[PDB]
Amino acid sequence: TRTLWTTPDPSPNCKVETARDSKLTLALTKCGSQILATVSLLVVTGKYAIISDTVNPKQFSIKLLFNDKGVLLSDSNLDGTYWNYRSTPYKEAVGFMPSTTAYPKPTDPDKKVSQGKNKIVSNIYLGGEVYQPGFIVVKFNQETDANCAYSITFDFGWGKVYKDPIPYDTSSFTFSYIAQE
């Protein structure tokens, strides 16, 4: 029942547009065959720090790329310095990776492969205000960058018209997925 996280109060640790322009808070907890996750994002500087209807595109991507031992690769948008188990860098986390059987890397109707199953899509709310919806898309194992064995990708965006600019500062989002091990 271990937890792999960014630490709960991270310094800027994540690239949206430029290095460390945002704070990703991400906690993964192993509940046997499923991982329970909570994620939130605050963009602190740059193009997406304060958004409005003039900003385009209205979506950006945060990639976590892992090798076959579940170690985060430096090509990830997330900086690995404080990505570790909750209390030395960790050696292995295959247990926390999204399953390549449930969520295979991209490649008879019984052989139709689902396009939806490897994604989780919901609204989040900017500043936690019910009248400031945006969206999150979590994707498992959809990346090919850096020859990753596994990947978790967060697409953040919005669609509602905001004429008065507001911080891109998401409510916390809970999700779960089938673990590799």
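When you see a residue number, it is the position in the sequence shown, counting from 1.
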item: Between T101 and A102 - deposited residues without coordinates, as a size class; value: none
item: Interresidue gap class [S74, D75; deposited sequence, unmodelled]; value: none
item: Given 62-70 and 120-128, the range whose Cα B-factors average higher in the PDB entry; value: 62-70
item: Higher-B stretch (mean Cα B-factor, as the entry records it), 3-11 or 170-178; value: 3-11
item: Largest Cα B-factor, entry values, listed residues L26, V113, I35, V138; value: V113
item: Identity of residue with top Cα B-factor, from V39, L42, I152, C148; value: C148
item: Assigned third (lowest, middle, highest) for the C-alpha B factor of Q142; value: middle
